[PDB]
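Q: So I've got this file, start_17.txt, and it contains compact mmCIF, N, CA and C atoms:
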```
# COMPACT_ATOMS: atom_id res chain seq x y z
N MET Y 1 3.49 21.98 -0.73
CA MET Y 1 2.33 22.16 0.12
C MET Y 1 1.86 20.82 0.71
N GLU Y 2 1.49 19.92 -0.18
CA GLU Y 2 1.03 18.60 0.23
C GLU Y 2 0.63 17.77 -0.98
N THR Y 3 1.00 16.50 -0.94
CA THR Y 3 0.69 15.59 -2.03
C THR Y 3 0.13 14.28 -1.48
N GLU Y 4 -0.71 13.65 -2.29
CA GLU Y 4 -1.33 12.39 -1.90
C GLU Y 4 -1.16 11.35 -3.02
N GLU Y 5 -0.26 10.42 -2.78
CA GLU Y 5 0.01 9.36 -3.74
C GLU Y 5 -0.30 7.99 -3.14
N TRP Y 6 -1.49 7.88 -2.58
CA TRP Y 6 -1.92 6.63 -1.97
C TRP Y 6 -2.64 5.80 -3.03
N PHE Y 7 -3.01 6.47 -4.11
CA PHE Y 7 -3.70 5.81 -5.20
C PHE Y 7 -2.74 5.49 -6.35
N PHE Y 8 -2.93 4.32 -6.93
CA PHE Y 8 -2.09 3.88 -8.03
C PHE Y 8 -2.94 3.44 -9.23
N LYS Y 9 -2.31 3.42 -10.39
CA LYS Y 9 -3.00 3.02 -11.61
C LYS Y 9 -3.47 1.58 -11.47
N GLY Y 10 -4.05 1.07 -12.55
CA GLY Y 10 -4.55 -0.29 -12.56
C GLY Y 10 -3.40 -1.30 -12.45
N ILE Y 11 -2.80 -1.34 -11.27
CA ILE Y 11 -1.69 -2.25 -11.03
C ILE Y 11 -2.24 -3.65 -10.73
N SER Y 12 -1.41 -4.64 -11.00
CA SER Y 12 -1.80 -6.03 -10.77
C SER Y 12 -1.65 -6.37 -9.29
N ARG Y 13 -2.29 -7.46 -8.90
CA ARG Y 13 -2.24 -7.90 -7.51
C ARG Y 13 -0.84 -8.43 -7.18
N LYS Y 14 -0.16 -8.91 -8.21
CA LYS Y 14 1.18 -9.44 -8.04
C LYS Y 14 2.19 -8.29 -8.04
N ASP Y 15 1.81 -7.22 -8.74
CA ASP Y 15 2.67 -6.05 -8.83
C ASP Y 15 2.52 -5.21 -7.57
N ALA Y 16 1.32 -5.26 -7.00
CA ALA Y 16 1.03 -4.51 -5.79
C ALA Y 16 1.67 -5.21 -4.60
N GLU Y 17 1.81 -6.53 -4.72
CA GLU Y 17 2.41 -7.32 -3.67
C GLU Y 17 3.93 -7.19 -3.70
N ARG Y 18 4.44 -6.93 -4.90
CA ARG Y 18 5.88 -6.78 -5.08
C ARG Y 18 6.33 -5.39 -4.64
N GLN Y 19 5.38 -4.46 -4.68
CA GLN Y 19 5.66 -3.09 -4.29
C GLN Y 19 5.59 -2.94 -2.77
N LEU Y 20 4.77 -3.78 -2.16
CA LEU Y 20 4.60 -3.75 -0.72
C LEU Y 20 5.76 -4.50 -0.06
N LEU Y 21 5.98 -5.71 -0.54
CA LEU Y 21 7.06 -6.54 0.00
C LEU Y 21 8.40 -5.94 -0.40
N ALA Y 22 8.35 -5.02 -1.36
CA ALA Y 22 9.55 -4.36 -1.84
C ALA Y 22 10.27 -3.70 -0.66
N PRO Y 23 11.60 -3.50 -0.83
CA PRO Y 23 12.41 -2.88 0.20
C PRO Y 23 12.17 -1.38 0.26
N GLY Y 24 11.38 -0.98 1.25
CA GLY Y 24 11.05 0.43 1.43
C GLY Y 24 9.79 0.60 2.27
N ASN Y 25 8.84 -0.30 2.05
CA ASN Y 25 7.59 -0.27 2.79
C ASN Y 25 7.70 -1.16 4.02
N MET Y 26 6.79 -0.93 4.96
CA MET Y 26 6.77 -1.70 6.19
C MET Y 26 5.35 -1.84 6.73
N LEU Y 27 5.20 -2.75 7.69
CA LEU Y 27 3.90 -2.99 8.29
C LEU Y 27 3.18 -1.66 8.49
N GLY Y 28 1.94 -1.62 8.02
CA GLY Y 28 1.13 -0.41 8.14
C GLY Y 28 0.99 0.28 6.79
N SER Y 29 1.83 -0.13 5.85
CA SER Y 29 1.82 0.44 4.52
C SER Y 29 0.58 -0.04 3.76
N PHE Y 30 -0.14 0.92 3.20
CA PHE Y 30 -1.35 0.61 2.45
C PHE Y 30 -1.38 1.38 1.12
N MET Y 31 -2.08 0.80 0.16
CA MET Y 31 -2.20 1.42 -1.15
C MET Y 31 -3.51 1.03 -1.83
N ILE Y 32 -3.98 1.91 -2.70
CA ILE Y 32 -5.22 1.67 -3.42
C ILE Y 32 -4.92 1.50 -4.91
N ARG Y 33 -5.78 0.75 -5.57
CA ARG Y 33 -5.62 0.51 -7.00
C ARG Y 33 -6.95 0.09 -7.62
N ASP Y 34 -7.20 0.60 -8.81
CA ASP Y 34 -8.43 0.29 -9.52
C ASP Y 34 -8.33 -1.12 -10.11
N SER Y 35 -9.49 -1.70 -10.36
CA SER Y 35 -9.55 -3.04 -10.92
C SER Y 35 -8.87 -3.06 -12.30
N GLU Y 36 -8.56 -4.27 -12.75
CA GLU Y 36 -7.92 -4.44 -14.04
C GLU Y 36 -8.85 -5.16 -15.01
N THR Y 37 -9.38 -6.29 -14.56
CA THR Y 37 -10.29 -7.07 -15.37
C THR Y 37 -11.72 -6.56 -15.22
N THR Y 38 -12.15 -6.46 -13.98
CA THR Y 38 -13.49 -5.98 -13.68
C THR Y 38 -13.49 -4.47 -13.45
N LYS Y 39 -13.18 -3.74 -14.52
CA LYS Y 39 -13.13 -2.29 -14.45
C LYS Y 39 -14.40 -1.78 -13.76
N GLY Y 40 -14.26 -0.63 -13.11
CA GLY Y 40 -15.38 -0.03 -12.41
C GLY Y 40 -15.32 -0.33 -10.91
N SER Y 41 -14.55 -1.35 -10.58
CA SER Y 41 -14.40 -1.75 -9.19
C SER Y 41 -13.00 -1.38 -8.69
N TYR Y 42 -12.89 -1.24 -7.38
CA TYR Y 42 -11.62 -0.89 -6.76
C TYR Y 42 -11.09 -2.04 -5.90
N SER Y 43 -9.81 -1.97 -5.60
CA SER Y 43 -9.17 -2.99 -4.78
C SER Y 43 -8.11 -2.35 -3.88
N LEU Y 44 -8.28 -2.57 -2.58
CA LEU Y 44 -7.35 -2.03 -1.61
C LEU Y 44 -6.33 -3.10 -1.23
N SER Y 45 -5.14 -2.64 -0.87
CA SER Y 45 -4.07 -3.54 -0.49
C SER Y 45 -3.27 -2.95 0.67
N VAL Y 46 -3.23 -3.70 1.76
CA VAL Y 46 -2.51 -3.26 2.95
C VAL Y 46 -1.54 -4.36 3.39
N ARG Y 47 -0.55 -3.95 4.17
CA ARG Y 47 0.45 -4.89 4.66
C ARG Y 47 0.03 -5.44 6.03
N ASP Y 48 0.23 -6.74 6.20
CA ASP Y 48 -0.12 -7.39 7.44
C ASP Y 48 0.91 -8.47 7.76
N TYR Y 49 0.94 -8.87 9.02
CA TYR Y 49 1.88 -9.90 9.46
C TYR Y 49 1.17 -10.96 10.30
N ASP Y 50 1.77 -12.14 10.33
CA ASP Y 50 1.21 -13.24 11.09
C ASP Y 50 2.32 -13.91 11.90
N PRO Y 51 1.94 -14.35 13.13
CA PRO Y 51 2.89 -15.01 14.01
C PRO Y 51 3.18 -16.44 13.55
N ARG Y 52 2.47 -16.84 12.51
CA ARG Y 52 2.63 -18.17 11.95
C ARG Y 52 3.48 -18.12 10.68
N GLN Y 53 2.96 -17.43 9.69
CA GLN Y 53 3.65 -17.29 8.42
C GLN Y 53 4.72 -16.20 8.51
N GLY Y 54 4.27 -15.00 8.85
CA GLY Y 54 5.18 -13.87 8.97
C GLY Y 54 4.65 -12.66 8.22
N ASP Y 55 5.45 -12.20 7.26
CA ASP Y 55 5.07 -11.05 6.46
C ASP Y 55 4.05 -11.47 5.41
N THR Y 56 2.96 -10.72 5.35
CA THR Y 56 1.90 -11.00 4.39
C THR Y 56 1.24 -9.71 3.93
N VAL Y 57 0.41 -9.84 2.90
CA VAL Y 57 -0.30 -8.69 2.36
C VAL Y 57 -1.79 -9.02 2.25
N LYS Y 58 -2.60 -8.08 2.73
CA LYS Y 58 -4.04 -8.25 2.70
C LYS Y 58 -4.62 -7.43 1.55
N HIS Y 59 -5.70 -7.95 0.98
CA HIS Y 59 -6.36 -7.28 -0.13
C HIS Y 59 -7.87 -7.30 0.08
N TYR Y 60 -8.45 -6.11 0.10
CA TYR Y 60 -9.88 -5.97 0.30
C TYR Y 60 -10.55 -5.33 -0.92
N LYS Y 61 -11.56 -6.02 -1.44
CA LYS Y 61 -12.28 -5.53 -2.60
C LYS Y 61 -13.18 -4.36 -2.18
N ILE Y 62 -13.35 -3.43 -3.11
CA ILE Y 62 -14.18 -2.26 -2.85
C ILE Y 62 -15.30 -2.19 -3.90
N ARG Y 63 -16.52 -2.37 -3.42
CA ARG Y 63 -17.68 -2.33 -4.30
C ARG Y 63 -18.36 -0.97 -4.21
N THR Y 64 -19.19 -0.69 -5.21
CA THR Y 64 -19.91 0.57 -5.26
C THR Y 64 -21.42 0.33 -5.14
N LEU Y 65 -22.13 1.39 -4.78
CA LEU Y 65 -23.57 1.30 -4.63
C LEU Y 65 -24.25 2.00 -5.81
N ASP Y 66 -25.48 1.59 -6.08
CA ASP Y 66 -26.24 2.17 -7.17
C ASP Y 66 -26.32 3.69 -6.99
N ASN Y 67 -26.71 4.09 -5.79
CA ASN Y 67 -26.82 5.50 -5.47
C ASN Y 67 -26.07 5.79 -4.17
N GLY Y 68 -24.75 5.81 -4.28
CA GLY Y 68 -23.91 6.08 -3.13
C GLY Y 68 -22.47 6.39 -3.55
N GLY Y 69 -21.58 5.46 -3.24
CA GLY Y 69 -20.18 5.62 -3.59
C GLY Y 69 -19.45 4.28 -3.54
N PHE Y 70 -18.57 4.16 -2.55
CA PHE Y 70 -17.79 2.94 -2.38
C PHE Y 70 -17.88 2.44 -0.94
N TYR Y 71 -18.01 1.12 -0.81
CA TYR Y 71 -18.10 0.50 0.50
C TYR Y 71 -17.42 -0.87 0.51
N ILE Y 72 -16.89 -1.22 1.67
CA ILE Y 72 -16.21 -2.50 1.82
C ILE Y 72 -17.05 -3.41 2.72
N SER Y 73 -17.49 -2.85 3.84
CA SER Y 73 -18.30 -3.59 4.78
C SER Y 73 -19.75 -3.12 4.72
N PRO Y 74 -20.68 -4.10 4.89
CA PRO Y 74 -22.10 -3.80 4.86
C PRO Y 74 -22.54 -3.10 6.14
N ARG Y 75 -21.88 -1.99 6.43
CA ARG Y 75 -22.20 -1.22 7.62
C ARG Y 75 -22.19 0.28 7.30
N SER Y 76 -21.00 0.79 7.03
CA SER Y 76 -20.84 2.20 6.71
C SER Y 76 -20.14 2.35 5.36
N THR Y 77 -20.73 3.19 4.51
CA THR Y 77 -20.18 3.43 3.19
C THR Y 77 -19.62 4.85 3.10
N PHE Y 78 -18.89 5.10 2.02
CA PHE Y 78 -18.30 6.41 1.80
C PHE Y 78 -18.53 6.88 0.37
N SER Y 79 -18.94 8.14 0.25
CA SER Y 79 -19.19 8.72 -1.05
C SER Y 79 -17.89 8.86 -1.84
N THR Y 80 -16.80 9.00 -1.09
CA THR Y 80 -15.49 9.14 -1.70
C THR Y 80 -14.49 8.18 -1.04
N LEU Y 81 -13.38 7.97 -1.73
CA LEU Y 81 -12.34 7.09 -1.22
C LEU Y 81 -11.43 7.87 -0.27
N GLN Y 82 -11.39 9.18 -0.49
CA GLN Y 82 -10.57 10.05 0.34
C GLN Y 82 -11.10 10.08 1.77
N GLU Y 83 -12.40 9.87 1.89
CA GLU Y 83 -13.04 9.87 3.20
C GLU Y 83 -12.88 8.51 3.87
N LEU Y 84 -12.75 7.49 3.03
CA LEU Y 84 -12.59 6.13 3.53
C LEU Y 84 -11.13 5.91 3.95
N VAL Y 85 -10.24 6.62 3.27
CA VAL Y 85 -8.82 6.52 3.56
C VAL Y 85 -8.53 7.20 4.90
N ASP Y 86 -9.14 8.36 5.08
CA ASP Y 86 -8.95 9.12 6.30
C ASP Y 86 -9.55 8.34 7.48
N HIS Y 87 -10.71 7.76 7.23
CA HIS Y 87 -11.40 6.99 8.25
C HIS Y 87 -10.56 5.76 8.62
N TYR Y 88 -9.87 5.25 7.62
CA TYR Y 88 -9.03 4.08 7.81
C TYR Y 88 -7.71 4.46 8.49
N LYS Y 89 -7.39 5.74 8.42
CA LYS Y 89 -6.17 6.25 9.01
C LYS Y 89 -6.39 6.49 10.51
N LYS Y 90 -7.65 6.73 10.85
CA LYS Y 90 -8.02 6.99 12.23
C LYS Y 90 -8.13 5.65 12.98
N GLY Y 91 -8.56 4.64 12.24
CA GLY Y 91 -8.71 3.31 12.81
C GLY Y 91 -9.18 2.31 11.76
N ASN Y 92 -8.86 1.05 12.00
CA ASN Y 92 -9.24 -0.01 11.08
C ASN Y 92 -10.75 0.01 10.88
N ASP Y 93 -11.46 -0.01 12.00
CA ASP Y 93 -12.92 0.01 11.97
C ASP Y 93 -13.41 -0.92 10.85
N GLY Y 94 -13.02 -2.18 10.97
CA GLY Y 94 -13.41 -3.17 9.98
C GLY Y 94 -12.19 -3.96 9.48
N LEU Y 95 -11.12 -3.22 9.23
CA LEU Y 95 -9.89 -3.83 8.75
C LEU Y 95 -9.24 -4.63 9.88
N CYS Y 96 -8.16 -5.32 9.54
CA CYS Y 96 -7.45 -6.12 10.52
C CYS Y 96 -6.58 -5.19 11.36
N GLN Y 97 -6.00 -4.20 10.69
CA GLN Y 97 -5.14 -3.24 11.36
C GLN Y 97 -5.28 -1.86 10.71
N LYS Y 98 -5.41 -0.85 11.55
CA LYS Y 98 -5.54 0.52 11.07
C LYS Y 98 -4.42 0.81 10.07
N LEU Y 99 -4.59 1.91 9.35
CA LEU Y 99 -3.61 2.32 8.37
C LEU Y 99 -2.56 3.22 9.03
N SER Y 100 -1.34 3.11 8.53
CA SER Y 100 -0.24 3.90 9.07
C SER Y 100 0.16 4.99 8.07
N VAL Y 101 0.89 4.57 7.05
CA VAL Y 101 1.34 5.49 6.02
C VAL Y 101 1.14 4.85 4.64
N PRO Y 102 0.95 5.73 3.62
CA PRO Y 102 0.76 5.26 2.26
C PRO Y 102 2.08 4.78 1.65
N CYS Y 103 1.95 3.98 0.61
CA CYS Y 103 3.12 3.44 -0.07
C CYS Y 103 4.11 4.59 -0.30
N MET Y 104 5.37 4.22 -0.46
CA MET Y 104 6.42 5.20 -0.68
C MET Y 104 6.45 5.65 -2.14
N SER Y 105 6.95 6.86 -2.34
CA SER Y 105 7.04 7.41 -3.68
C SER Y 105 7.88 8.69 -3.66
N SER Y 106 9.19 8.51 -3.64
CA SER Y 106 10.11 9.63 -3.62
C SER Y 106 11.12 9.51 -4.76
N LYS Y 107 11.52 10.66 -5.28
CA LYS Y 107 12.48 10.69 -6.37
C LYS Y 107 13.58 11.70 -6.05
```
Please go through the file and, once you have read it, give me the structure as structure tokens.
A:
Amino acid sequence: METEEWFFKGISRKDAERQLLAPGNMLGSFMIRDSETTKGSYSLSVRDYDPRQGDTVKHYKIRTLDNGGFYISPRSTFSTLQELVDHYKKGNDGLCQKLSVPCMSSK
């Protein structure tokens, strides 16, 4: 029917970078992961490129509100991450580059 594997366990930033730079993903690939040390917080990771360095990976912290949900920019927040992911799929609207497709996961 349909599956959503854009979210990953408490993976490390180095492990998330190895999964992105890994052979399979490409520019536009994004993934979410919960904090490791500072539990309760989230961390987003997307793929980006530079005309100077080249292939790179961006990481945006995701904070929560006392009475809300999760937000990255002090403009618009989201009660859920599923709504922020969809919004990010429609356009960056804050990010450097809109989202394309979620990390790969096929067996």
Q: Env of segment 30-47 of chain Y: 5 Å cut, atoms = only N, CA and C atoms, seq-sep filter 4 positions within chain, self excluded. Answer as a PyMOL selection string.
A: chain Y and resi 6-10+56-62+101-103
Q: Include N, CA and C atoms and write out the residues we just selected as an mmCIF file, in the frame of the given file.
A:
```
data_model
loop_
_atom_site.group_PDB
_atom_site.id
_atom_site.type_symbol
_atom_site.label_atom_id
_atom_site.label_comp_id
_atom_site.auth_asym_id
_atom_site.auth_seq_id
_atom_site.Cartn_x
_atom_site.Cartn_y
_atom_site.Cartn_z
ATOM 1 N N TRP Y 6 -1.490 7.880 -2.580
ATOM 2 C CA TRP Y 6 -1.920 6.630 -1.970
ATOM 3 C C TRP Y 6 -2.640 5.800 -3.030
ATOM 4 N N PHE Y 7 -3.010 6.470 -4.110
ATOM 5 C CA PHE Y 7 -3.700 5.810 -5.200
ATOM 6 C C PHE Y 7 -2.740 5.490 -6.350
ATOM 7 N N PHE Y 8 -2.930 4.320 -6.930
ATOM 8 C CA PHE Y 8 -2.090 3.880 -8.030
ATOM 9 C C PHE Y 8 -2.940 3.440 -9.230
ATOM 10 N N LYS Y 9 -2.310 3.420 -10.390
ATOM 11 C CA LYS Y 9 -3.000 3.020 -11.610
ATOM 12 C C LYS Y 9 -3.470 1.580 -11.470
ATOM 13 N N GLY Y 10 -4.050 1.070 -12.550
ATOM 14 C CA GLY Y 10 -4.550 -0.290 -12.560
ATOM 15 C C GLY Y 10 -3.400 -1.300 -12.450
ATOM 16 N N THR Y 56 2.960 -10.720 5.350
ATOM 17 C CA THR Y 56 1.900 -11.000 4.390
ATOM 18 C C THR Y 56 1.240 -9.710 3.930
ATOM 19 N N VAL Y 57 0.410 -9.840 2.900
ATOM 20 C CA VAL Y 57 -0.300 -8.690 2.360
ATOM 21 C C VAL Y 57 -1.790 -9.020 2.250
ATOM 22 N N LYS Y 58 -2.600 -8.080 2.730
ATOM 23 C CA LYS Y 58 -4.040 -8.250 2.700
ATOM 24 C C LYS Y 58 -4.620 -7.430 1.550
ATOM 25 N N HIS Y 59 -5.700 -7.950 0.980
ATOM 26 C CA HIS Y 59 -6.360 -7.280 -0.130
ATOM 27 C C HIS Y 59 -7.870 -7.300 0.080
ATOM 28 N N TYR Y 60 -8.450 -6.110 0.100
ATOM 29 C CA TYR Y 60 -9.880 -5.970 0.300
ATOM 30 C C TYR Y 60 -10.550 -5.330 -0.920
ATOM 31 N N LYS Y 61 -11.560 -6.020 -1.440
ATOM 32 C CA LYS Y 61 -12.280 -5.530 -2.600
ATOM 33 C C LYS Y 61 -13.180 -4.360 -2.180
ATOM 34 N N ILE Y 62 -13.350 -3.430 -3.110
ATOM 35 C CA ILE Y 62 -14.180 -2.260 -2.850
ATOM 36 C C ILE Y 62 -15.300 -2.190 -3.900
ATOM 37 N N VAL Y 101 0.890 4.570 7.050
ATOM 38 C CA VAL Y 101 1.340 5.490 6.020
ATOM 39 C C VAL Y 101 1.140 4.850 4.640
ATOM 40 N N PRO Y 102 0.950 5.730 3.620
ATOM 41 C CA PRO Y 102 0.760 5.260 2.260
ATOM 42 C C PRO Y 102 2.080 4.780 1.650
ATOM 43 N N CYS Y 103 1.950 3.980 0.610
ATOM 44 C CA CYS Y 103 3.120 3.440 -0.070
ATOM 45 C C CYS Y 103 4.110 4.590 -0.300
#
```
Q: Quote the spacing between atom CA of residue 86 of chain Y and atom CA of residue 53 of chain Y in Å to one decimal place.
A: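 Going from atom CA of residue 86 of chain Y over to atom CA of residue 53 of chain Y covers 29.3 Å.
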Q: Pick out the closest residue to residue 99 of chain Y from this set: Y:19, Y:82, Y:29, Y:3. Count only C-alpha atoms.
A: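 Nearest candidate to residue 99 of chain Y out of Y:19, Y:82, Y:29, Y:3: Y:29.
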Q: Identify all residues of segment 52-85 of chain Y in strand (DSSP E) (DSSP on the backbone) and supply them as a ChimeraX atom specification.
A: /Y:55-64,70-71
Q: How many Å lie between atom CA of residue 74 of chain Y and atom CA of residue 48 of chain Y, rounded to one decimal?
A: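 Pair atom CA of residue 74 of chain Y / atom CA of residue 48 of chain Y returns 22.4 Å.
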Q: What does the structure give for the distance between atom CA of residue 81 of chain Y and atom CA of residue 16 of chain Y, in Å to one decimal?
A: 18.3 Å
Q: Generate N, CA, C and O atoms for segment 36-50 of chain Y and emit them as a PDB file, keeping the file's coordinate frame.
A:
```pdb
ATOM      1  N   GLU Y  36      -8.560  -4.270 -12.750  1.00  0.00           N
ATOM      2  CA  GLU Y  36      -7.920  -4.440 -14.040  1.00  0.00           C
ATOM      3  C   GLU Y  36      -8.850  -5.160 -15.010  1.00  0.00           C
ATOM      4  O   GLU Y  36      -9.078  -4.687 -16.126  1.00  0.00           O
ATOM      5  N   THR Y  37      -9.380  -6.290 -14.560  1.00  0.00           N
ATOM      6  CA  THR Y  37     -10.290  -7.070 -15.370  1.00  0.00           C
ATOM      7  C   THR Y  37     -11.720  -6.560 -15.220  1.00  0.00           C
ATOM      8  O   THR Y  37     -12.385  -6.269 -16.217  1.00  0.00           O
ATOM      9  N   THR Y  38     -12.150  -6.460 -13.980  1.00  0.00           N
ATOM     10  CA  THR Y  38     -13.490  -5.980 -13.680  1.00  0.00           C
ATOM     11  C   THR Y  38     -13.490  -4.470 -13.450  1.00  0.00           C
ATOM     12  O   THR Y  38     -13.750  -4.004 -12.347  1.00  0.00           O
ATOM     13  N   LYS Y  39     -13.180  -3.740 -14.520  1.00  0.00           N
ATOM     14  CA  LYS Y  39     -13.130  -2.290 -14.450  1.00  0.00           C
ATOM     15  C   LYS Y  39     -14.400  -1.780 -13.760  1.00  0.00           C
ATOM     16  O   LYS Y  39     -15.452  -2.415 -13.838  1.00  0.00           O
ATOM     17  N   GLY Y  40     -14.260  -0.630 -13.110  1.00  0.00           N
ATOM     18  CA  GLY Y  40     -15.380  -0.030 -12.410  1.00  0.00           C
ATOM     19  C   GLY Y  40     -15.320  -0.330 -10.910  1.00  0.00           C
ATOM     20  O   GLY Y  40     -15.946   0.363 -10.113  1.00  0.00           O
ATOM     21  N   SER Y  41     -14.550  -1.350 -10.580  1.00  0.00           N
ATOM     22  CA  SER Y  41     -14.400  -1.750  -9.190  1.00  0.00           C
ATOM     23  C   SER Y  41     -13.000  -1.380  -8.690  1.00  0.00           C
ATOM     24  O   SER Y  41     -12.071  -1.232  -9.485  1.00  0.00           O
ATOM     25  N   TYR Y  42     -12.890  -1.240  -7.380  1.00  0.00           N
ATOM     26  CA  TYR Y  42     -11.620  -0.890  -6.760  1.00  0.00           C
ATOM     27  C   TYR Y  42     -11.090  -2.040  -5.900  1.00  0.00           C
ATOM     28  O   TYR Y  42     -11.847  -2.937  -5.529  1.00  0.00           O
ATOM     29  N   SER Y  43      -9.810  -1.970  -5.600  1.00  0.00           N
ATOM     30  CA  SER Y  43      -9.170  -2.990  -4.780  1.00  0.00           C
ATOM     31  C   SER Y  43      -8.110  -2.350  -3.880  1.00  0.00           C
ATOM     32  O   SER Y  43      -7.190  -1.697  -4.363  1.00  0.00           O
ATOM     33  N   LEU Y  44      -8.280  -2.570  -2.580  1.00  0.00           N
ATOM     34  CA  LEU Y  44      -7.350  -2.030  -1.610  1.00  0.00           C
ATOM     35  C   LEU Y  44      -6.330  -3.100  -1.230  1.00  0.00           C
ATOM     36  O   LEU Y  44      -6.630  -4.291  -1.270  1.00  0.00           O
ATOM     37  N   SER Y  45      -5.140  -2.640  -0.870  1.00  0.00           N
ATOM     38  CA  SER Y  45      -4.070  -3.540  -0.490  1.00  0.00           C
ATOM     39  C   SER Y  45      -3.270  -2.950   0.670  1.00  0.00           C
ATOM     40  O   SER Y  45      -2.726  -1.852   0.560  1.00  0.00           O
ATOM     41  N   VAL Y  46      -3.230  -3.700   1.760  1.00  0.00           N
ATOM     42  CA  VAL Y  46      -2.510  -3.260   2.950  1.00  0.00           C
ATOM     43  C   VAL Y  46      -1.540  -4.360   3.390  1.00  0.00           C
ATOM     44  O   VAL Y  46      -1.708  -5.521   3.019  1.00  0.00           O
ATOM     45  N   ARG Y  47      -0.550  -3.950   4.170  1.00  0.00           N
ATOM     46  CA  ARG Y  47       0.450  -4.890   4.660  1.00  0.00           C
ATOM     47  C   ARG Y  47       0.030  -5.440   6.030  1.00  0.00           C
ATOM     48  O   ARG Y  47      -0.447  -4.687   6.879  1.00  0.00           O
ATOM     49  N   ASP Y  48       0.230  -6.740   6.200  1.00  0.00           N
ATOM     50  CA  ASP Y  48      -0.120  -7.390   7.440  1.00  0.00           C
ATOM     51  C   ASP Y  48       0.910  -8.470   7.760  1.00  0.00           C
ATOM     52  O   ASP Y  48       1.642  -8.911   6.868  1.00  0.00           O
ATOM     53  N   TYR Y  49       0.940  -8.870   9.020  1.00  0.00           N
ATOM     54  CA  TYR Y  49       1.880  -9.900   9.460  1.00  0.00           C
ATOM     55  C   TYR Y  49       1.170 -10.960  10.300  1.00  0.00           C
ATOM     56  O   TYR Y  49       0.129 -10.686  10.900  1.00  0.00           O
ATOM     57  N   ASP Y  50       1.770 -12.140  10.330  1.00  0.00           N
ATOM     58  CA  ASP Y  50       1.210 -13.240  11.090  1.00  0.00           C
ATOM     59  C   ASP Y  50       2.320 -13.910  11.900  1.00  0.00           C
ATOM     60  O   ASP Y  50       3.452 -14.015  11.440  1.00  0.00           O
TER      61      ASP Y  50
END
```
